[PDB]
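**Q** Taken in order, the sequence shown gives residues 134 to 152, 163 to 176, 202 to 452, 461 to 538, 554 to 679; the numbers are from the authors' numbering.
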Amino acid sequence: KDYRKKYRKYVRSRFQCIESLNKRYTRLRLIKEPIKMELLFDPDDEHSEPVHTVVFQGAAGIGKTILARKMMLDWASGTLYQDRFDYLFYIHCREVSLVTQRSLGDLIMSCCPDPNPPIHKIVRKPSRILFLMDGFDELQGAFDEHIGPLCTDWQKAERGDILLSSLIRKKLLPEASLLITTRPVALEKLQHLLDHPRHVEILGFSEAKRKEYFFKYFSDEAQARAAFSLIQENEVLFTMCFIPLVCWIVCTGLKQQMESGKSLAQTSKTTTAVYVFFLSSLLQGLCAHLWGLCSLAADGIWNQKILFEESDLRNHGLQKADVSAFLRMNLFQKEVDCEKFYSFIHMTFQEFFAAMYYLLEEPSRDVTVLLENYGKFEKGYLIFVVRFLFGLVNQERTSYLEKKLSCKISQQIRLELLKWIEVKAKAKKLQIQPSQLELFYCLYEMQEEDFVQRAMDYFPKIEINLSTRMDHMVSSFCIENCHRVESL
Ligand SMILES: Nc1ncnc2c1ncn2[C@@H]1O[C@H](COP(=O)(O)OP(=O)(O)O)[C@@H](O)[C@H]1O
Ligand SMILES: Cc1cc2ccc(-c3nnc(N[C@@H]4CCCN(C)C4)cc3C)nc2[nH]1
Numbered sequence: 134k135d136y137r138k139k140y141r142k143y144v145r146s147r148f149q150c151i152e163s164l165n166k167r168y169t170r171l172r173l174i175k176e202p203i204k205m206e207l208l209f210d211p212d213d214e215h216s217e218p219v220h221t222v223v224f225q226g227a228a229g230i231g232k233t234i235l236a237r238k239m240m241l242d243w244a245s246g247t248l249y250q251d252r253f254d255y256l257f258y259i260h261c262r263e264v265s266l267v268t269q270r271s272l273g274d275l276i277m278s279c280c281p282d283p284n285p286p287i288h289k290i291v292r293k294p295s296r297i298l299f300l301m302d303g304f305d306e307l308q309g310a311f312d313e314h315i316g317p318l319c320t321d322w323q324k325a326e327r328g329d330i331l332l333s334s335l336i337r338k339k340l341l342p343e344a345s346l347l348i349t350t351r352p353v354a355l356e357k358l359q360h361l362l363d364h365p366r367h368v369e370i371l372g373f374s375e376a377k378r379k380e381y382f383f384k385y386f387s388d389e390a391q392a393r394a395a396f397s398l399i400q401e402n403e404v405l406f407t408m409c410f411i412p413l414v415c416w417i418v419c420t421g422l423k424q425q426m427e428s429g430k431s432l433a434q435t436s437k438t439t440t441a442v443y444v445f446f447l448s449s450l451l452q461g462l463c464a465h466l467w468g469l470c471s472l473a474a475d476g477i478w479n480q481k482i483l484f485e486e487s488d489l490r491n492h493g494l495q496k497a498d499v500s501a502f503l504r505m506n507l508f509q510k511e512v513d514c515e516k517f518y519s520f521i522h523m524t525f526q527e528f529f530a531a532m533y534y535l536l537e538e554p555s556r557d558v559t560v561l562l563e564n565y566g567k568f569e570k571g572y573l574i575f576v577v578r579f580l581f582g583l584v585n586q587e588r589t590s591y592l593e594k595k596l597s598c599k600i601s602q603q604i605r606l607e608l609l610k611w612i613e614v615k616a617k618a619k620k621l622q623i624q625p626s627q628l629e630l631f632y633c634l635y636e637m638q639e640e641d642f643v644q645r646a647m648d649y650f651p652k653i654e655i656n657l658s659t660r661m662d663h664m665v666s667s668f669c670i671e672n673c674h675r676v677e678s679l
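Encoded structure:
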């Protein structure tokens with residue numbers, strides 16, 4: 134009752150996101176599988217009982233964390249679920265340990281600012297509690313559908329996985345509501361726990377909300393109009409910029425380019441080119465400390481570590497003053513509340529530095560054992576580590592950041608990636624690790640006509656499910672680059 138006011142006051146301040164949240168927040172697209205946020209838990213024309221679990225699936229960098237943090241802010245402001253919920257607990261999945269034996273009560277007290285919250289007054293009305301589980305795919309370690317026995321005691325301390333699994337399966341607080349956000353890769357795992365979920369898909373910015381971001385970002389109109397014109401003139405960038413992280417990256421790259429007397433131009437055609445163009449803006461240190469940055473990201477992927485403490489990055493080379501050269505330029509950030517923990521600006525940037533590690537001119556650098564771990568939740572699926580390898584390996588493509596890669600080892604990786612394509616194409620009897628469309632996403636990043644032409648001849652037929660204009664772009668490139676032993 135009176136504590137709800139104290140918790141709401143805390144949620145109002147901690148979710149300010151001054152990395163205002165509102166000052167940059169742009170309307171994200173949400174579709175049921202046109203949904204009004206307030207009626208997410210309201211049952212449909214058929215159901216009489218309300219929805220208890222709602223699943224937000226969306227792209228990497230689409231803004232799942234920003235939507236969760238916006239919901240938290242709007243709720244504590246009064247706007248959202250004023251009469252539907254009394255408590256909204258934000259569970260940052262990357263911070264939750266899958267092995268750490270903890271109770272559901274312990275978890276709720278992590279979301280509380282005070283040391284002694286009234287945990288019994290809080291779980292008094294479970295139906296009035298909504299668990300905002302952010303980043304299910306970001307749960308470090310293996311999340312198995314076989315873990316057990318399940319939990320039905322909120323006070324009982326069970327293994328992190330058993331605890332989260334029991335909450336998802338609605339075994340723990342059955343009438344408490346749940347909002348799980350995740351990339352669609354991990355939806356295979358999540359589907360096996362969900363008790364009648366209502367699926368929703370985050371589809372980034374609309375064609376109008378794309379322009380809107382460019383105008384909330386650029387305080388000047390003459391800057392905003394010119395930066396959006398660069399996106400309109402570029403077919404690939406325009407398509408890519410529905411993803412808000414892509415908008416942030418492009419605007420920040422063009423902002424650094426604007427700082428100099430350099431006429432606006434981004435001739436980027438691949439996701440790898442977008443990340444290499446962005447990183448090259450920050451290269452004025462990130463040249464001598466490139467070995468550390470890549471080894472830290474690779475070690476943090478092989479053993480599932482998003483948050484690296486002071487001791488992780490100290491042993492990796494980057495000292496106390498090097499981390500300041502990465503924080504101010506926007507490459508490293510302080511997370512895990514007011515504690516000395518440093519994680520990458522995004523999981524896609526960690527997967528980028530993990531991919532770059534294998535290509536630096538000198554964990555292990557065996558792409559063979561890296562590719563064997565592809566498609567596993569316990570390793571982060573490695574979707575982007577492989578994609579960035581395909582793009583960086585690109586021989587007929589070089590910038591400043593690409594010139595610091597061994598041309599001898601990037602050729603060996605090129606031949607290894609082509610064998611991996613041949614293996615996946617022929618033995619299609621897999622319960623999906625690299626889908627046929629995902630293999631088209633890998634060949635798109637590659638871009639080289641000598642490689643894509645050879646890699647395309649392995650596929651017997653084209654069987655893919657096109658969903659976004661990106662799917663029909665990436666796969667059309669591969670179809671155009673595929674031609675038989677005598678087609679004509
Ligand atoms: N609606 C939005 N408005 C403004 N920026 C956004 C929005 N959604 C995402 N972002 C940008 O994307 C970045 C990462 O997105 P995030 O919400 O963490 O997505 P995900 O969890 O799907 O990777 C944010 O730090 C921010 O720069
Ligand atoms: C910041 C940022 C850059 C970026 C570039 C591409 C994508 C992306 N990648 N793959 C998609 N769908 C395929 C479908 C087949 C299976 N594979 C694994 C997934 C869809 C999207 C939007 N997300 C991105 N985020």
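Here a beta-carbon is modelled for each residue, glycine too, at the ideal position from N, C-alpha and C.
1. By the 10 Å Cβ neighbour count, where 16 or more other Cβ atoms means buried, how is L341 classified, buried or exposed?
2. List the endpoints of the continuous alpha helix (DSSP H) containing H663.
3. According to DSSP, is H364 part of a helix, a strand, or is it coil?
4. Could you say which of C409, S449, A441, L405 lies nearest to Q425 if we only look at CA atoms?
5. What's the C-alpha gap between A433 and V414?
6. Locate the beta strand (DSSP E) running through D302, then write down its first and last residues.
7. Out of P352, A616, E401, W416, point me to the one whose CA is closest to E380's CA.
8. Considering only the alpha carbon of each residue, which of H314, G461, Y533 lies closest to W478?
9. Restricting to Cα atoms, I'd like to know which of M240, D513, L573, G566 is closest to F529.
10. Would you say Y385 touches ligand 2, meaning its beta carbon is less than 7 Å from a heavy atom?
11. Return the CA-CA distance between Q586 and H364, expressed in angstroms with no decimal places.
12. Any idea what DSSP makes of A325, helix, strand or coil?
13. Please return the same chain residues whose Cβ sits closer than 8 Å to the Cβ of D210, not counting the five positions on each side in sequence.
14. Which residue's Cα is closest to the Cα of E403: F373, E206, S245, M661?
15. Using a Cβ-based criterion (distance less than 7 Å to any ligand heavy atom), does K423 qualify as near ligand 1?
16. Taking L241 as the reference, give the member of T524, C598, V368, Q149 with the closest Cα.
17. Count the other CB atoms within 10 Å of the CB of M205; is the residue buried (16 or more) or exposed (fewer)?
18. Flag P412 as yes when its Cβ comes closer than 7 Å to any non-hydrogen atom of ligand 1, and as no otherwise.
19. Below 8 Å on the Cβ atoms is my guess for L318 versus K338; work out the distance and round it to an integer in Å.
20. Let me confirm a value: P625 is counted as buried when at least 16 other C-beta atoms fall within 10 Å, else exposed. Which label applies?
21. By DSSP, does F386 sit in helix, in strand, or in coil?
22. Any heavy atom of ligand 2 closer than 7 Å to the Cβ of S519?
23. Are there 16 or more other CB atoms within 10 angstroms of the CB of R504, so buried, or fewer, so exposed?
24. Can you have a look at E629 and say buried or exposed, based on whether 16 or more other CB atoms are within 10 angstroms of its CB?
25. Taking only three categories from DSSP, how would you classify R270?
26. Between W243 and ligand 1, is the CB less than 7 Å from at least one heavy atom?
27. Under the assumption that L583 contacts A531 (Cβ atoms under 8 Å), give the Cβ distance between them as a whole number of angstroms.
28. DSSP on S146, reduced to helix/strand/coil?
29. Taking only three categories from DSSP, how would you classify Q509?
30. Would you kindly work out how many angstroms separate the C-alpha atoms of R167 and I348, rounded to a whole number?
31. Could you tell me whether the Cβ atoms of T407 and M664 are closer together than 8 Å?
32. Taking the straight line between their C-alpha atoms, what separation do you get for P352 and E593?
33. Nearest CA to the CA of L469: which residue from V499, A441, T435, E427?
34. How would you call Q400, buried or exposed, if buried means at least 16 neighbouring beta carbons within 10 angstroms?
35. Residues in the same chain with beta-carbon distance under 7 Å from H465, minus the five sequence neighbours each way, listed in chain order, please.
**A** In short:
1. Counted from its first residue, the sequence shown places residue 341 at position 173. That one is buried.
2. Here residue 663 refers to the residue found at position 472 when the sequence shown is read from its first residue. Element bounds for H663: 662-671.
3. Residue 364 sits at position 196 when you count from the first residue of the sequence shown. Coil at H364, not helix or strand.
4. As a first step, residue 425 is located in the sequence shown; it is residue number 257 there, counting from the start. If we check each option's Cα against that of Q425, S449 comes out closest.
5. Counting from one through the sequence shown, the residue named residue 433 turns up at place 265. Counting from one through the sequence shown, the residue named residue 414 turns up at place 246. Whole-angstrom Cα-Cα distance: 16 Å.
6. Within the sequence shown, numbered from 1, the residue matching residue 302 stands at position 134. From DSSP, the beta strand (DSSP E) with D302 extends over 297-302.
7. As a first step, residue 380 must be located in the sequence shown, where it is residue number 212. For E380, the nearest C-alpha among the options comes from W416.
8. One-based indexing of the sequence shown puts residue 478 at position 302. Of the candidates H314, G461, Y533, the one whose C-alpha sits nearest the C-alpha of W478 is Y533.
9. For the purposes of this step, residue 529 is taken as residue 353 along the sequence shown, with counting starting at 1. Taking only the C-alpha atoms, the option nearest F529 is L573.
10. Within the sequence shown, residue 385 is the residue found at index 217, counting from 1. No, since every heavy atom of ligand 2 falls outside the 7 Å radius drawn around the Cβ of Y385.
11. Along the sequence shown, read from residue 1 onward, the residue named residue 586 stands at position 395. Along the sequence shown, read from residue 1 onward, the residue named residue 364 stands at position 196. Looking at the two C-alpha atoms, the distance is approximately 49 Å.
12. Reading the sequence shown from its first residue, position 157 is the one you call residue 325. Three-state DSSP puts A325 in a strand.
13. Position 42 of the sequence shown, counted from the start, is the residue given in the question as residue 210. Here the set comprises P218, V219.
14. As a working mapping, residue 403 is identified with position 235 in the sequence shown. The shortest C-alpha separation from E403 is found at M661.
15. Working through the sequence shown from its first residue, we reach residue 423 at position 255. It does not: the Cβ of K423 is nowhere closer than 7 Å to a heavy atom of ligand 1.
16. For this step, residue 241 is matched to residue 73 along the sequence shown. Nearest of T524, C598, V368, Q149 to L241, Cα basis: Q149.
17. Mapped onto the sequence shown, residue 205 falls at position 37. With fewer than 16 other Cβ atoms within 10 Å, it is exposed.
18. The count along the sequence shown starts at 1 and reaches residue 412 at position 244. Yes; taking the cut-off as 7 Å, the Cβ of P412 has a heavy atom of ligand 1 nearer than that.
19. As a first step, residue 318 must be located in the sequence shown, where it is residue number 150. As a first step, residue 338 must be located in the sequence shown, where it is residue number 170. The pair is not a contact, with the Cβ atoms about 10 Å apart (cut-off 8 Å).
20. Residue numbering aside, residue 625 sits at position 434 when the sequence shown is read from its first letter. With 16 or more other Cβ atoms within 10 Å, it is buried.
21. On the sequence shown, residue 386 is found 218 positions in, with the first residue counted as 1. Here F386 sits in coil by DSSP.
22. What you label residue 519 is simply residue 343 of the sequence shown in a count that begins at 1. False, no ligand heavy atom lies under 7 Å from that Cβ.
23. Taking the sequence shown and counting its residues from 1, the one referred to as residue 504 is at position 328. Under this definition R504 is an exposed residue.
24. Within the sequence shown, numbered from 1, the residue matching residue 629 stands at position 438. Looking at its Cβ environment, which holds 16 or more other Cβ atoms inside 10 Å, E629 is buried.
25. Here residue 270 is taken as the residue at index 102 of the sequence shown, counted from 1. Strand.
26. Taking the first residue of the sequence shown as position 1, residue 243 is located at position 75. Because no heavy atom of ligand 1 lies under 7 Å away, the Cβ of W243 does not count as near it: no.
27. Translated into the one-based positions of the sequence shown, residue 583 becomes position 392. Translated into the one-based positions of the sequence shown, residue 531 becomes position 355. That belief holds up - the Cβ atoms of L583 and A531 are roughly 6 Å apart, short of 8 Å.
28. Here the question's residue 146 lines up with position 13 in the sequence shown. Correct three-state label for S146: helix.
29. As a first step, residue 509 must be located in the sequence shown, where it is residue number 333. Strand, per DSSP.
30. Here residue 167 corresponds to residue number 24 of the sequence shown, with the count starting at 1. Here residue 348 corresponds to residue number 180 of the sequence shown, with the count starting at 1. Taking the straight line from one Cα to the other gives about 24 Å.
31. Taking the first residue of the sequence shown as position 1, residue 407 is located at position 239. Taking the first residue of the sequence shown as position 1, residue 664 is located at position 473. Cβ atoms of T407 and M664: closer than 8 Å.
32. What you label residue 352 is simply residue 184 of the sequence shown in a count that begins at 1. What you label residue 593 is simply residue 402 of the sequence shown in a count that begins at 1. Their backbone Cα atoms lie some 31 Å apart in a straight line.
33. On the sequence shown, position 293 is the one that residue 469 refers to. Closest option to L469, Cα to Cα, is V499.
34. Taking the first residue of the sequence shown as 1, we reach residue 400 at position 232. Classification of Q400: exposed, given that the 10 Å Cβ count is below 16.
35. Numbered from 1 along the sequence shown, position 289 holds the residue referred to as residue 465. So the qualifying residues of the chain are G493, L494, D498.
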